[PDB]
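Enquirer: There's a structure below that I have some questions on.
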Amino acid sequence: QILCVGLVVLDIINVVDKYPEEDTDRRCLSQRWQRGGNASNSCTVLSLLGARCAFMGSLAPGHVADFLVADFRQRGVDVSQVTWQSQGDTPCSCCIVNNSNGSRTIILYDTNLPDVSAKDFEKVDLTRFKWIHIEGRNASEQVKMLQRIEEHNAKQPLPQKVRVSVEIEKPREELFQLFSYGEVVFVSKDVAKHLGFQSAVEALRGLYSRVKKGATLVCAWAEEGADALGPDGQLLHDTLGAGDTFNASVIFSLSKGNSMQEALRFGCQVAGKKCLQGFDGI
Amino acid sequence: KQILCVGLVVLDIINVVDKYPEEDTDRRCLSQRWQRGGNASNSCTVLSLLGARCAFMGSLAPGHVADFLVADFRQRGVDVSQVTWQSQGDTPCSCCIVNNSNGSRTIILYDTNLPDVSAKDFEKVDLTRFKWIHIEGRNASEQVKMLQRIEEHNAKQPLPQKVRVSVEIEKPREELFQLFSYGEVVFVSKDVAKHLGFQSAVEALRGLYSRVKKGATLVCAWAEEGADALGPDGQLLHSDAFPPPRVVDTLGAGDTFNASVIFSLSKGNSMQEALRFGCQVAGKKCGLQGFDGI
């Protein structure tokens, strides 16, 4: 299995012909209940590509988690490693999408559910996973999870070593400690542009010194494609969830045994196709 | 025996906000709750809370919305064995925005026009297990056949075994007017009455009573003004409203009133007692979120 550690949310998406007028009752064009969140979206894509994947994130028992668990299960995503919370509610957002202009109005219900902790991760049987991907969030706890994986891999032969990847999507300084963990580091365009970069090449040839020895840094740009830099010094070269689609596609291609250049090409092909309503049809 | 409610069910996802959402913005709401809605479904919630054994009959399509709704009905103690499952369509779901700074309710309804309960579906209902059947007026031509089936059943039954019948005419639709001559209790809405030029419940009752069957009672609730009823003896009955200290949530107050009158009448109480009870329970509901707390 491929394990994705991160967030899950329930998005209730209503497509309208006109933005709703206060105190009125109008019929929408369509409604879709869609599981969201970076790691959750990565599981949707991994599962579609035929991989056996698992989701690790926080859920609180209730009607929202009943839907999410059923959706993950229908998709074939293993949820046995979910961290069930006694305090809080599972986040759910109601999205209004206006077809006459393209606007997205979001009403977010979030009680700030506790994130997955190192102590929760200690319970994970690492021998069940070939790859573990961590969506950067509570970095101080996540570094302890990544250190646990390294300690596990130190006692293991090469074919039994759990491959690791990390995503740094938001410019929270807290997340930059994650750069030195994982064999594959995904850095977003937002993080790059925030750290004073205008090009994908610029970002890669400035951040590479922050990764661990032997690791590969990957950065997908908006329309410019996607670039990767490995230890050999050789540079290689509906939108909701496109970045997640790219991340999961690269992870998939690399876990199969393909080269970084093949994984980049594949990642761009699948993510581009997704930009289709949702993830079915990729 | 059980009380059967024939009608609609919807899933309402209710978001409470401090200010009305500004287009293209992302804002955190004060609260979110998932609530089963629809006239007949709400009437079941209330009947179940009042301690009556009730059953819901309506259309559902298999899916995540119906999974929630069926579970919620069962947890409430509502019998759903009479539900008409549909092969084609989706179960209705609406996203309701409630603004706390003024009290406005904005509804975004997702409805695929699921086929309604038909006379053929109703033919399968074992009428011997029900003491009362309430029909929410909708597909009137099919519903008249259901009401005629009840009358045919009652023709072969002694007085204590007759199924009591009530009908609700809530929308000002021409095809629903044929339903006026069915049932011993006919609920007519303020919306229908006002639409017909009636400026008060007493005026609506005097003006529409000729449409009901001989011996039937016509009931008309009039929001803040209370509720009124006119029976075969020609005596107008009234109850003043029982407003809460502060109004919190009106969604389902009319269904609360209908179900509370049905409950009180099925117990053996007089029409005057059923009116006062109906106003007491519906008024209390307006001072509470949802139906729990009645």
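Convention: chains lettered A, B, ... in structure tokens order; per-chain residue numbering from 1; ligands numbered from 1 as shown.
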Excluding same-chain residues fewer than 4 positions from residue 41 of chain A, what lies within 10 Å of it counting only C-alpha atoms, as a ChimeraX atom specification?

Expert: /A:4,6-9,34-37,45-47,55,240-245,247-248,278-279

Enquirer: Can I get the selected residues back with N, CA and C atoms, as a compact mmCIF listing (two decimals), in the first residue's frame?

Expert:
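Output below, filename again-v1.txt:
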```txt
# COMPACT_ATOMS: atom_id res chain seq x y z
N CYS A 4 -1.13 7.97 2.45
CA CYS A 4 -1.19 9.43 2.35
C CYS A 4 -1.67 10.00 3.67
N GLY A 6 -2.59 13.30 5.74
CA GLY A 6 -3.04 14.67 5.56
C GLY A 6 -4.49 14.94 5.89
N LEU A 7 -5.08 15.87 5.15
CA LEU A 7 -6.43 16.34 5.40
C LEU A 7 -7.49 15.76 4.51
N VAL A 8 -8.70 15.70 5.06
CA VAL A 8 -9.92 15.31 4.38
C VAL A 8 -10.99 16.32 4.79
N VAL A 9 -11.83 16.72 3.84
CA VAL A 9 -12.96 17.62 4.05
C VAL A 9 -14.11 17.15 3.16
N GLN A 34 -18.42 15.95 -2.75
CA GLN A 34 -17.08 15.57 -3.11
C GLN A 34 -16.16 15.63 -1.92
N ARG A 35 -15.45 14.54 -1.72
CA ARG A 35 -14.42 14.45 -0.71
C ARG A 35 -13.25 15.34 -1.22
N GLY A 36 -12.77 16.24 -0.35
CA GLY A 36 -11.66 17.15 -0.62
C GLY A 36 -10.48 16.96 0.32
N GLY A 37 -9.50 17.86 0.25
CA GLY A 37 -8.26 17.83 1.04
C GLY A 37 -7.11 17.24 0.22
N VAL A 45 -6.84 9.82 -6.70
CA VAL A 45 -6.05 9.64 -7.91
C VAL A 45 -5.27 8.32 -7.90
N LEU A 46 -4.56 8.01 -6.78
CA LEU A 46 -3.80 6.76 -6.63
C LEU A 46 -4.72 5.56 -6.86
N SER A 47 -5.90 5.58 -6.21
CA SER A 47 -6.90 4.54 -6.38
C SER A 47 -7.37 4.40 -7.84
N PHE A 55 -5.45 6.04 3.55
CA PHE A 55 -5.57 7.40 4.02
C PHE A 55 -5.39 7.44 5.52
N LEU A 240 -9.59 22.36 -9.34
CA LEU A 240 -9.61 21.90 -7.95
C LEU A 240 -9.07 20.46 -7.77
N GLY A 241 -7.82 20.36 -7.30
CA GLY A 241 -7.15 19.08 -7.07
C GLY A 241 -6.14 18.69 -8.13
N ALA A 242 -5.84 19.61 -9.09
CA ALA A 242 -4.86 19.40 -10.18
C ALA A 242 -3.44 19.17 -9.64
N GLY A 243 -3.05 19.94 -8.63
CA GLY A 243 -1.74 19.83 -7.99
C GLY A 243 -1.62 18.51 -7.26
N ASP A 244 -2.73 18.09 -6.62
CA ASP A 244 -2.86 16.81 -5.92
C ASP A 244 -2.75 15.67 -6.92
N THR A 245 -3.37 15.85 -8.11
CA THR A 245 -3.35 14.90 -9.21
C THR A 245 -1.91 14.72 -9.70
N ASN A 247 0.93 15.40 -7.93
CA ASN A 247 1.70 14.76 -6.85
C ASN A 247 1.51 13.25 -6.82
N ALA A 248 0.24 12.82 -6.84
CA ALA A 248 -0.16 11.41 -6.80
C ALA A 248 0.33 10.64 -8.04
N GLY A 278 -14.16 17.03 -11.59
CA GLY A 278 -13.81 15.99 -10.62
C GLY A 278 -12.61 15.16 -11.02
N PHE A 279 -12.56 13.90 -10.53
CA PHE A 279 -11.40 13.02 -10.81
C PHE A 279 -11.73 11.82 -11.68
```

Enquirer: Quick one: contact table of chain A to chain B, 12 Å max, nearest atom pair and distance in Å to one decimal per residue, counting only C-alpha atoms, chain and number order, as CSV?

Expert:
```
residue,atom,partner,partner_atom,distance
A:11,CA,B:95,CA,11.9
A:12,CA,B:95,CA,8.5
A:13,CA,B:95,CA,9.6
A:14,CA,B:108,CA,7.6
A:15,CA,B:108,CA,9.4
A:16,CA,B:108,CA,8.5
A:17,CA,B:108,CA,11.3
A:18,CA,B:23,CA,10.7
A:19,CA,B:23,CA,7.3
A:20,CA,B:106,CA,7.4
A:21,CA,B:106,CA,7.4
A:22,CA,B:106,CA,5.4
A:23,CA,B:106,CA,4.5
A:24,CA,B:106,CA,5.2
A:25,CA,B:107,CA,4.6
A:26,CA,B:108,CA,5.4
A:27,CA,B:109,CA,4.7
A:28,CA,B:110,CA,5.7
A:29,CA,B:110,CA,7.6
A:30,CA,B:110,CA,6.6
A:31,CA,B:110,CA,6.3
A:32,CA,B:110,CA,9.7
A:33,CA,B:64,CA,8.8
A:34,CA,B:64,CA,11.3
A:62,CA,B:68,CA,10.4
A:63,CA,B:68,CA,7.1
A:64,CA,B:34,CA,9.2
A:65,CA,B:68,CA,11.3
A:66,CA,B:68,CA,8.5
A:67,CA,B:64,CA,6.5
A:68,CA,B:64,CA,9.8
A:69,CA,B:64,CA,11.2
A:70,CA,B:64,CA,8.4
A:71,CA,B:64,CA,8.8
A:74,CA,B:64,CA,11.4
A:89,CA,B:32,CA,10.0
A:90,CA,B:32,CA,10.9
A:91,CA,B:32,CA,9.8
A:92,CA,B:32,CA,8.4
A:93,CA,B:28,CA,8.8
A:94,CA,B:95,CA,7.4
A:95,CA,B:26,CA,9.0
A:96,CA,B:23,CA,8.7
A:97,CA,B:24,CA,8.7
A:98,CA,B:23,CA,8.9
A:101,CA,B:24,CA,10.1
A:102,CA,B:24,CA,8.9
A:103,CA,B:24,CA,5.0
A:104,CA,B:24,CA,4.9
A:105,CA,B:24,CA,4.4
A:106,CA,B:26,CA,4.5
A:107,CA,B:27,CA,5.3
A:108,CA,B:28,CA,4.6
A:109,CA,B:29,CA,5.7
A:110,CA,B:28,CA,7.3
A:111,CA,B:31,CA,9.4
A:112,CA,B:28,CA,11.3
```

Enquirer: Under the rule that only C-alpha atoms are counted, which of B:1, B:213, B:246, B:162 is the nearest residue to residue 130 of chain B?

Expert: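 With only C-alpha atoms as the atom set, the closest residue is B:1.
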
Enquirer: Could you list, as a PyMOL selection string, every residue within 12 Å of residue 243 of chain B, counting only C-alpha atoms and ignoring same-chain residues fewer than 6 positions away?

Expert: chain B and resi 223-226+249-250+253+279-288

Enquirer: For the residues in the current selection, export N, CA, C and O atoms as a CSV table (one decimal), in the first residue's frame.

Expert:
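The file below, again34.csv, is the result:
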```csv
chain,number,residue,atom,x,y,z
B,223,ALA,N,-50.4,31.7,11.2
B,223,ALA,CA,-49.1,32.2,11.8
B,223,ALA,C,-49.2,32.8,13.2
B,223,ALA,O,-49.5,32.1,14.2
B,224,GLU,N,-49.0,34.2,13.3
B,224,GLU,CA,-49.0,34.9,14.6
B,224,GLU,C,-50.5,35.1,15.2
B,224,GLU,O,-50.6,35.3,16.4
B,225,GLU,N,-51.5,35.0,14.3
B,225,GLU,CA,-52.9,35.1,14.7
B,225,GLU,C,-53.5,33.9,15.3
B,225,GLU,O,-54.7,33.9,15.7
B,226,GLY,N,-52.7,32.8,15.3
B,226,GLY,CA,-53.2,31.5,15.9
B,226,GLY,C,-53.7,30.6,14.8
B,226,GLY,O,-53.1,30.5,13.7
B,249,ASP,N,-36.1,29.5,15.2
B,249,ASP,CA,-36.2,28.7,14.0
B,249,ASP,C,-37.6,28.3,13.7
B,249,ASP,O,-38.2,27.5,14.5
B,250,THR,N,-38.2,28.8,12.6
B,250,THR,CA,-39.6,28.5,12.1
B,250,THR,C,-39.7,27.4,11.2
B,250,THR,O,-40.9,27.0,10.9
B,253,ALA,N,-42.6,24.6,11.6
B,253,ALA,CA,-43.6,25.0,12.5
B,253,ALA,C,-45.0,24.6,12.0
B,253,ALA,O,-45.8,24.2,12.9
B,279,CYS,N,-51.2,24.7,18.5
B,279,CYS,CA,-50.6,26.1,18.7
B,279,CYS,C,-49.5,26.1,19.7
B,279,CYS,O,-48.6,26.8,19.6
B,280,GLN,N,-49.8,25.3,20.8
B,280,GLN,CA,-48.8,25.2,22.0
B,280,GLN,C,-47.5,24.6,21.5
B,280,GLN,O,-46.4,25.2,21.8
B,281,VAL,N,-47.6,23.4,20.8
B,281,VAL,CA,-46.4,22.7,20.4
B,281,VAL,C,-45.7,23.4,19.2
B,281,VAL,O,-44.4,23.5,19.3
B,282,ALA,N,-46.4,23.9,18.2
B,282,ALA,CA,-45.8,24.7,17.1
B,282,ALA,C,-45.1,26.0,17.6
B,282,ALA,O,-44.0,26.3,17.1
B,283,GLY,N,-45.7,26.7,18.6
B,283,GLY,CA,-45.1,27.9,19.2
B,283,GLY,C,-43.8,27.6,19.9
B,283,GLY,O,-42.9,28.4,19.7
B,284,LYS,N,-43.8,26.5,20.7
B,284,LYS,CA,-42.6,26.1,21.4
B,284,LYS,C,-41.4,25.8,20.4
B,284,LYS,O,-40.3,26.2,20.7
B,285,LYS,N,-41.7,25.1,19.3
B,285,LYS,CA,-40.8,24.7,18.3
B,285,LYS,C,-40.0,25.9,17.7
B,285,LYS,O,-38.8,25.8,17.5
B,286,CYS,N,-40.8,27.0,17.5
B,286,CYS,CA,-40.2,28.3,17.0
B,286,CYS,C,-39.1,28.9,17.9
B,286,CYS,O,-38.3,29.7,17.5
B,287,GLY,N,-39.1,28.5,19.2
B,287,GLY,CA,-38.1,28.9,20.2
B,287,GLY,C,-37.0,27.9,20.4
B,287,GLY,O,-36.3,28.0,21.4
B,288,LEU,N,-36.9,27.0,19.5
B,288,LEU,CA,-35.9,25.9,19.5
B,288,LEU,C,-35.3,25.6,18.1
B,288,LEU,O,-35.9,25.9,17.1
```

Enquirer: Using Å and a single decimal, report how far atom CA of residue 166 of chain B sits from atom CA of residue 134 of chain B.

Expert: 4.7 Å

Enquirer: Rounded to one decimal in Å, what is the spacing between atom CA of residue 277 of chain A and atom CA of residue 135 of chain A?

Expert: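 Separation between atom CA of residue 277 of chain A and atom CA of residue 135 of chain A: 23.5 Å.
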
Enquirer: For the structure I just gave you, how does DSSP split segment 141-293 of chain B - specifically, which residues are strand (DSSP E)? Reply as a VMD selection string.

Expert: chain B and resid 164 to 169 185 to 188 217 to 221 227 to 230 236 to 239

Enquirer: Quick one: of A:203, A:51, A:178, A:5, who's nearest to residue 256 of chain A, counting only C-alpha atoms?

Expert: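 Selected residue with least distance to residue 256 of chain A: A:51.
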
Enquirer: Give me the residues within 10 Å of residue 191 of chain B as a PyMOL selection string, counting only C-alpha atoms and dropping any in the same chain fewer than 6 places off.

Expert: chain B and resi 169-172+198+222

Enquirer: Using DSSP on the backbone coordinates, identify all residues within segment 4-132 of chain B classified as alpha helix (DSSP H); present the result as number ranges by chain.

Expert: B: 39-49, 64-76, 119-122

Enquirer: Can you list every residue of segment 28-56 of chain A that has an atom at most 12 Å from segment 155-174 of chain A, with its nearest atom pair and the distance in Å to one decimal, using only C-alpha atoms, ordered by chain then number, as CSV?

Expert:
```
residue,atom,partner,partner_atom,distance
A:38,CA,A:167,CA,9.3
A:39,CA,A:167,CA,9.5
A:42,CA,A:167,CA,11.2
```

Enquirer: Keeping only N, CA and C atoms, take the residues you just selected and write them out as a PDB file, in the first residue's frame.

Expert:
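File selection_5.pdb, as written:
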```
ATOM      1  N   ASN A  38      -5.890  17.790   0.365  1.00  0.00           N
ATOM      2  CA  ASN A  38      -4.728  17.384  -0.439  1.00  0.00           C
ATOM      3  C   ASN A  38      -4.424  15.877  -0.423  1.00  0.00           C
ATOM      4  N   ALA A  39      -4.187  15.261   0.754  1.00  0.00           N
ATOM      5  CA  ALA A  39      -3.907  13.813   0.836  1.00  0.00           C
ATOM      6  C   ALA A  39      -5.102  12.962   0.431  1.00  0.00           C
ATOM      7  N   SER A  42      -5.177  12.981  -3.292  1.00  0.00           N
ATOM      8  CA  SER A  42      -4.086  12.121  -3.754  1.00  0.00           C
ATOM      9  C   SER A  42      -4.499  10.661  -3.698  1.00  0.00           C
TER      10      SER A  42
END
```

Enquirer: In Å, rounded to a single decimal, give me how far atom CA of residue 37 of chain B is from atom CA of residue 12 of chain B.

Expert: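 Value for the atom CA of residue 12 of chain B-atom CA of residue 37 of chain B distance: 6.1 Å.
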